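Asker: Quick one: this structure, given as structure tokens, is what I'll be asking you about.
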Amino acid sequence: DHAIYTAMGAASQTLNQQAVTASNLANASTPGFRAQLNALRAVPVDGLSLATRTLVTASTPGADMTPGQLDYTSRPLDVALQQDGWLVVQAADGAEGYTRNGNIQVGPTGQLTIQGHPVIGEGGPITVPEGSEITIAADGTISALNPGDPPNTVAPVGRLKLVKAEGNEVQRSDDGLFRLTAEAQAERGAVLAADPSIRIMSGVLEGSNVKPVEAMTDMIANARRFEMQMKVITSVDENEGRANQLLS
Amino acid sequence: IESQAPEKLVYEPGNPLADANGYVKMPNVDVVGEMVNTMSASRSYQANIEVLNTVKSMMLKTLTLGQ
Amino acid sequence: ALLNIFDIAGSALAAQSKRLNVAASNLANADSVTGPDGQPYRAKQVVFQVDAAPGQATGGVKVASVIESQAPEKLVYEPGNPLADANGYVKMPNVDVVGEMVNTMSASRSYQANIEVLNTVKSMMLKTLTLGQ
Amino acid sequence: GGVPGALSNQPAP
Amino acid sequence: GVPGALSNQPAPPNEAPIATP
Amino acid sequence: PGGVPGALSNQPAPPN
Amino acid sequence: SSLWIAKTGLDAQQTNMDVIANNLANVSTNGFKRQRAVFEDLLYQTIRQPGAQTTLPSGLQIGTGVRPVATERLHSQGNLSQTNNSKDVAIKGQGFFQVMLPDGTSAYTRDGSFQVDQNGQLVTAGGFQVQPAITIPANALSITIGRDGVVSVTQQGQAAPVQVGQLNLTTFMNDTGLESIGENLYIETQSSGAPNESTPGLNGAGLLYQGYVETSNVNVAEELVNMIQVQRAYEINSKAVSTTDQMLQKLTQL
Amino acid sequence: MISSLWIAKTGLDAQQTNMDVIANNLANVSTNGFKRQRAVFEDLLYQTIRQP
Numbered sequence: 002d003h004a005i006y007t008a009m010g011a012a013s014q015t016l017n018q019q020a021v022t023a024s025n026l027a028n029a030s031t032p033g034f035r036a037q038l039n040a041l042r043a044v045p046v047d048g049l050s051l052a053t054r055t056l057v058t059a060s061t062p063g064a065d066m067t068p069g070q071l072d073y074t075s076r077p078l079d080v081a082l083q084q085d086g087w088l089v090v091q092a093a094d095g096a097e098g099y100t101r102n103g104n105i106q107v108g109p110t111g112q113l114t115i116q117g118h119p120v121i122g123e124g125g126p127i128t129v130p131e132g133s134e135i136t137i138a139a140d141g142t143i144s145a146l147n148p149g150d151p152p153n154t155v156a157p158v159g160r161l162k163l164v165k166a167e168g169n170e171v172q173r174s175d176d177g178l179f180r181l182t183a184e185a186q187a188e189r190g191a192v193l194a195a196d197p198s199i200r201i202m203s204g205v206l207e208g209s210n211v212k213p214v215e216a217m218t219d220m221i222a223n224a225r226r227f228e229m230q231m232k233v234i235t236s237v238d239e240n241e242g243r244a245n246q247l248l249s
Numbered sequence: 068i069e070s071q072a073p074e075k076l077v078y079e080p081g082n083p084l085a086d087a088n089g090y091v092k093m094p095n096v097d098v099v100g101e102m103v104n105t106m107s108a109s110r111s112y113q114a115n116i117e118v119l120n121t122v123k124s125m126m127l128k129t130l131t132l133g134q
Numbered sequence: 002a003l004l005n006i007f008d009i010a011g012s013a014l015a016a017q018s019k020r021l022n023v024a025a026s027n028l029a030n031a032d033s034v035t036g037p038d039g040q041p042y043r044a045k046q047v048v049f050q051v052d053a054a055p056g057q058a059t060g061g062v063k064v065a066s067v068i069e070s071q072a073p074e075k076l077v078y079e080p081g082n083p084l085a086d087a088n089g090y091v092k093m094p095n096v097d098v099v100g101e102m103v104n105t106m107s108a109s110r111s112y113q114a115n116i117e118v119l120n121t122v123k124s125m126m127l128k129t130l131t132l133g134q
Numbered sequence: 310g311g312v313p314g315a316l317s318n319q320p321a322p
Numbered sequence: 311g312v313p314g315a316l317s318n319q320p321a322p323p324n325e326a327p328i329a330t331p
Numbered sequence: 309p310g311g312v313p314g315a316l317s318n319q320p321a322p323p324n
Numbered sequence: 003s004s005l006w007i008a009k010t011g012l013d014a015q016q017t018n019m020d021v022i023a024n025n026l027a028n029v030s031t032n033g034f035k036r037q038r039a040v041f042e043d044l045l046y047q048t049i050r051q052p053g054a055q060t061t062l063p064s065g066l067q068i069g070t071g072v073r074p075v076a077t078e079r080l081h082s083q084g085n086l087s088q089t090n091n092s093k094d095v096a097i098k099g100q101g102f103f104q105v106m107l108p109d110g111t112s113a114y115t116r117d118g119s120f121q122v123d124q125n126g127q128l129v130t131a132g133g134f135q136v137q138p139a140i141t142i143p144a145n146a147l148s149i150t151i152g153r154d155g156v157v158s159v160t161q162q163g164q165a166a167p168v169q170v171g172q173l174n175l176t177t178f179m180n181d182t183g184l185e186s187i188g189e190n191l192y193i194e195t196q197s198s199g200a201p202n203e204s205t206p207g208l209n210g211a212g213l214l215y216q217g218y219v220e221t222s223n224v225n226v227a228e229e230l231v232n233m234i235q236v237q238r239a240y241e242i243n244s245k246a247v248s249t250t251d252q253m254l255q256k257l258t259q260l
Numbered sequence: 001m002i003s004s005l006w007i008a009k010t011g012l013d014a015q016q017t018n019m020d021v022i023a024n025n026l027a028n029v030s031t032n033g034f035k036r037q038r039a040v041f042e043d044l045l046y047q048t049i050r051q052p
């Protein structure tokens, strides 16, 4: 009578896994995206006397840090980081976040943004002089040349804050930015200092890293697992009916 | 009691009902759970009906104790 | 009149039927240039409300009204059409194709789920009446 | 009480 | 009023013209 | 006096 | 459910398809900046938080889908084509001709194909006047638009050209923020405010090449690769839609 | 996601830039004191896959 609940848990968590996979597939064109991993954990129910019932719980263990494919766009402000490297932005709630989106934009007032989040440089958010032409070097250095003014007047303005962090040290926040895990925060500090060993390429944008093969295989597996759980539910549903209706 | 689950967020900032960022809130109903709950309730209901039927039969037989 | 479960599930069936009808009417009028009066077709939407007859406890689904969508009407440059404005852009409906197919599928699966609920309840209903006899 | 039963006549009278 | 209620009056005929009269 | 059912009576036609 | 997620995915790829179709339709338009669509995923949903920590970090965190935020135009200098018509000028640099709309508000354009109306007056192909205005006398044997925007006219039976007016160019601090009015016109926004008028060659304004027209910025192969990937992503999202439907159908038929 | 497309796109872009440079060099044969241009193409960053 309670195997129906085990099968129902399996089917519901299969639905959750399918939702995760569909959300990953919907962002196949999202610039600088990290796919969410999925794994079904098994929870064994304790008790007496013969432990037979073990339930299923869907989980998302971090994300995927494999870089995607770089689109070469003839623009100086689109940048791509090294493998396992992160650009730093000031998060929505005045905090710090890390990302791979190298689509740096400028405003009328001259401040650099990523998805609207100001970029954080050595001494707090980077601000470029109003209406200047900007070039980004291979180590984060930013040069600004005013339009029409001796090209001998090009001078650096600041340096981007580029950090290095692996998947174990990084957890996705609800606003799409990545942050440090508590166990990584305890060791590497609240704020990560700039890592000078990371090279950055200017003029190339990093796309998403969702793998179509894994997504399609996962969808097929989810469908088949759901059908098997429905069969288990149906088998349990007939037996209980007969039993009660007759042994009364 | 209200079920404890995150409200299902849907991005439709064209519908007249919306949020500040166009996040329409939809109920957190888990369809599989509700179908299984309906089946379980029906089965438990039928079991209780059988209990009542056999109990009434026994009461009649007890009323026919010595006769 | 109806038993509470009957009313709830029948209201669900009627609401899903109304949503499917709206989706079908939108899919039919995807390429309509004019109505009967000289105004473009506007994609219809159906709004589900909970018909909570008691205070916040339960209730089926009712449909207050069919609203007309407020989205930028599609503009196609056809100055020769009599319905073109001063700039010459005829107005085509804002009916999206993918959304309507998804709506049709979702309405069908909700309809079938409510049908299954009624079918499940029915056996218990008929078996209740054997309690007295 | 607050919830009417499934086998009850429509709460709406 | 509500769809599915009971009234003592037949519904008006369902006409759908193609052009405005 | 009901008329033809189904397809013919569910198509927009001018009155005559 | 997954239906809404995959439907948002399908809507994004259609948007991208519409953007690509618009870019490909405006290949031959003079002074066109290609449109590039970028997408962002909406709010992530946290269902259960990761526990206190070997094993894998447990925790169900489910996404929502994808939304289009803003499509940006690439302000890169296009190529020049030679049309012997003396009324056409091309811009070497970031500058826009300012124009009066018939309602009375000012728009900004880059298409340098101009004409002259019934009463002199330099106008665009749509007839809108190009400000600050240039009146041309009806004995103009030849008109020359100089590098610094100088509009000089040659008169019959004279040895020197007659100066008329300077084609002042409007320069913006953020070019990508301009709103597309439609017919080869841009209007300032809050993200592209403070229109700075300047003589061409000064304050970063671009120079004018007379007799040439600026080609569209649309690269062709990039769009075709974009269409291939858009079609494949659309097919993948359709497969996701088909998979969720199948499962819910089994659930119902139970 | 597809990848092999975004690599072949860079290949096509490099060849397009080379052809543009060649066309510029050919168009300016008659200019007095013109200097030929050569475009240098050179690859992007490599991704490294863990090898347990």
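Chains as they are written, first to last, in the authors' numbering: chain m, 2 to 249; chain V, 68 to 134; chain a, 2 to 134; chain b, 310 to 322; chain l, 311 to 331; chain k, 309 to 324; chain r, 3 to 55, 60 to 260; chain x, 1 to 52.
Think of the CB as a built atom: it goes at the ideal place given N, C-alpha and C, for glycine as much as any other residue.
If you draw a straight line from the alpha carbon of r:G133 to that of m:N104, how long is it in whole angstroms?
Answerer: Indexing the seventh sequence from 1 puts residue 133 of chain r at position 127. Indexing the first sequence from 1 puts residue 104 of chain m at position 103. Near 38 Å, if we compare the C-alpha coordinates of m:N104 and r:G133.
Asker: Below 8 Å, how does it come out for the segment 220-227 of chain m and the segment 251-258 of chain r: are there three or more Cβ pairs, yes or no?
Answerer: yes
Asker: Out of r:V72, r:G71, r:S64, r:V95, point me to the one whose CA is closest to r:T221's CA.
Answerer: For the purposes of this step, residue 221 of chain r is taken as the residue at position 215 of the seventh sequence. Cα-wise, what sits closest to r:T221 is r:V95.
Asker: Could you name the residues of the same chain whose beta carbon sits closer than 8 Å to that of r:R73, not counting the 5 residues immediately before and after it, in chain order?
Answerer: Along the seventh sequence, read from residue 1 onward, the residue named residue 73 of chain r stands at position 67. So the qualifying residues of the chain are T10, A14, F41, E42, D43, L44.
Asker: Residues in the segment 32-53 of chain r with C-beta within 8 Å of chain V's C-beta atoms, listed in sequence order?
Answerer: Flagged, chain order: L44, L45, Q47, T48, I49.
Asker: Can you name, in chain order, every residue of its own chain whose Cβ lies under 7 Å from the Cβ of r:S3, other than the five neighbours on each side?
Answerer: Taking the seventh sequence and counting its residues from 1, the one referred to as residue 3 of chain r is at position 1. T250.
Asker: Hey, which unbroken runs of the beta strand (DSSP E) at 3 residues or more fall wholly within the segment 180-228 of chain m?
Answerer: 201-203, 205-207
Asker: Relative to chain b, which residues along the segment 43-77 of chain a have a C-beta separation below 9 Å, given in chain order?
Answerer: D52, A54, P55, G56, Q57, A58, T59, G60
Asker: Out of a:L14, a:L132, a:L119, a:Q113, which one is the CA nearest neighbour of a:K63?
Answerer: Here residue 63 of chain a is taken as the residue at index 62 of the third sequence, counted from 1. Measuring from the Cα of a:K63, the nearest candidate turns out to be a:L14.
Asker: Given 8 Å as the limit, is there contact between the segment 138-145 of chain r and the segment 164-181 of chain r, that is, 3 or more CB pairs closer than that?
Answerer: yes
Asker: Kindly give me the distance between the Cβ atoms of m:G149 and r:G210, rounded to whole angstroms, as I take these residues to be in contact under 8 Å.
Answerer: For the purposes of this step, residue 149 of chain m is taken as residue 148 along the first sequence, with counting starting at 1. For the purposes of this step, residue 210 of chain r is taken as residue 204 along the seventh sequence, with counting starting at 1. Confirmed, about 4 Å.
Asker: Got a sec: is the Cβ-Cβ distance from k:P309 to anything in chain l below 9 Å?
Answerer: What you label residue 309 of chain k is simply residue 1 of the sixth sequence in a count that begins at 1. For k:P309, the answer is no, since every Cβ of chain l falls outside 9 Å of its Cβ.
Asker: Have a look at the DSSP bridge pairing and note the partners of m:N104.
Answerer: Translated into positions along the first sequence, residue 104 of chain m becomes position 103. DSSP lists m:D79 as partners of m:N104.
Asker: Taking just the CA atoms, how far does k:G310 sit from a:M125?
Answerer: Locating residue 125 of chain a in the third sequence gives position 124, where the first residue counts as 1. Locating residue 310 of chain k in the sixth sequence gives position 2, where the first residue counts as 1. Those two C-alpha atoms are separated by around 41 Å.
Asker: Taking the C-alpha atoms as reference points, what is the distance between V:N104 and V:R110?
Answerer: The sequence position of residue 104 of chain V within the second sequence is 37, counting from 1. The sequence position of residue 110 of chain V within the second sequence is 43, counting from 1. If I take the Cα positions, the gap works out to 10 Å.
Asker: Taking the straight line between their C-alpha atoms, what separation do you get for a:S107 and r:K35?
Answerer: As a working mapping, residue 107 of chain a is identified with position 106 in the third sequence. As a working mapping, residue 35 of chain r is identified with position 33 in the seventh sequence. Distance between the alpha carbons of a:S107 and r:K35: 41 Å.
Asker: Could you list which residues in chain l have their beta carbon closer than 7 Å to that of k:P322, in chain order?
Answerer: For the purposes of this step, residue 322 of chain k is identified with residue 14 of the sixth sequence, where counting begins at 1. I328, listed in chain order.
Asker: Use the C-beta contact count for m:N28: other C-beta atoms within 10 angstroms, 16 or more gives buried, fewer gives exposed.
Answerer: In the first sequence, the residue the question calls residue 28 of chain m occupies position 27. Result: buried.
Asker: Just how far apart, CA to CA, sit V:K75 and m:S209?
Answerer: Taking the first residue of the second sequence as position 1, residue 75 of chain V is located at position 8. Taking the first residue of the first sequence as position 1, residue 209 of chain m is located at position 208. If I take the Cα positions, the gap works out to 25 Å.
Asker: Quick check: what's the CA-CA separation for m:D140 versus a:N30?
Answerer: Numbered from 1 along the first sequence, position 139 holds the residue referred to as residue 140 of chain m. Numbered from 1 along the third sequence, position 29 holds the residue referred to as residue 30 of chain a. Whole-angstrom Cα-Cα distance: 57 Å.
Asker: Work out the CA separation of a:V96 and a:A44 for me, nearest whole Å.
Answerer: Counted from its first residue, the third sequence places residue 44 of chain a at position 43. Counted from its first residue, the third sequence places residue 96 of chain a at position 95. Answer to the nearest angstrom: the Cα atoms are 5 Å apart.
Asker: Let's test the definition: count the other Cβ atoms within 10 Å of the Cβ of x:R38 and tell me whether it reaches 16, buried, or not, exposed.
Answerer: Here residue 38 of chain x refers to the residue found at position 38 of the eighth sequence. Exposed: under 16 other Cβ atoms inside 10 Å.
Asker: Does the beta carbon of a:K128 sit closer than 9 Å to a beta carbon anywhere in chain V?
Answerer: To locate residue 128 of chain a, count along the third sequence from 1; it is residue 127. Yes - at least one Cβ of chain V is within 9 Å of the one on a:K128.
Asker: Let me know the secondary structure DSSP gives V:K128 once reduced to three states.
Answerer: Taking the first residue of the second sequence as 1, we reach residue 128 of chain V at position 61. V:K128 carries a helical assignment under DSSP once its states are collapsed to helix, strand and coil.
Asker: Go ahead and label m:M9 buried or exposed: buried means 16 or more other beta carbons lie within 10 angstroms of its beta carbon, across all protein chains shown.
Answerer: Along the first sequence, one-based indexing puts residue 9 of chain m at 8. By the 10 Å Cβ count, m:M9 comes out buried.
Asker: On a Cα-Cα basis, can you pick out the residue from a:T129, a:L130, a:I116 that is closest to a:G11?
Answerer: On the third sequence, position 10 is the one that residue 11 of chain a refers to. Of the candidates a:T129, a:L130, a:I116, the one whose C-alpha sits nearest the C-alpha of a:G11 is a:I116.
Asker: Beta carbons nearer than 9 Å to chain V: which residues of the segment 113-125 of chain a have them?
Answerer: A114, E117, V118, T121, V122, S124, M125
Asker: DSSP beta-bridge partners for m:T114?
Answerer: Within the first sequence, numbered from 1, the residue matching residue 114 of chain m stands at position 113. Looking at the DSSP assignment, m:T114 forms a beta bridge with m:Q106, m:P119.
Asker: Which residues in chain V have a C-beta closer than 7 Å to the C-beta of a:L132? List them in chain order.
Answerer: In the third sequence, counting from the first residue as 1, residue 132 of chain a sits at position 131. Within 7 Å Cβ-Cβ: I116, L119, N120.
Asker: What residue range is occupied by the uninterrupted beta strand (DSSP E) comprising V:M93?
Answerer: Counting from 1 along the second sequence, the entry for residue 93 of chain V is found at position 26. V:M93 -> beta strand (DSSP E) spans 90-93.
Asker: Using a 10 Å radius around the Cβ and a threshold of 16 neighbouring Cβ atoms, would you call m:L16 buried or exposed?
Answerer: Within the first sequence, numbered from 1, the residue matching residue 16 of chain m stands at position 15. Buried.
Asker: Report the CB separation of r:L191 from r:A113 in whole angstroms; it is logged as a contact under 8 Å.
Answerer: Walking along the seventh sequence from the start, residue 191 of chain r turns up at place 185. Walking along the seventh sequence from the start, residue 113 of chain r turns up at place 107. With 8 Å as the limit, r:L191 and r:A113 qualify as a contact, their Cβ atoms being about 4 Å apart.
Asker: Which residues in chain a sit within 8 Å of r:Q255, going by Cβ to Cβ distance?
Answerer: Taking the seventh sequence and counting its residues from 1, one reaches residue 255 of chain r at position 249. By Cβ distance, chain a contributes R110, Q113.
Asker: The alpha helix (DSSP H) spanning r:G199 covers which residue range?
Answerer: As a first step, residue 199 of chain r must be located in the seventh sequence, where it is residue number 193. Careful: r:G199 lies outside any alpha helix (DSSP H) and carries neither H nor E.
Asker: Which partner residues does x:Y46 have in the DSSP bridge list?
Answerer: Translated into positions along the eighth sequence, residue 46 of chain x becomes position 46. Looking at the DSSP assignment, x:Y46 forms no beta bridge with any residue, so it has no partner.
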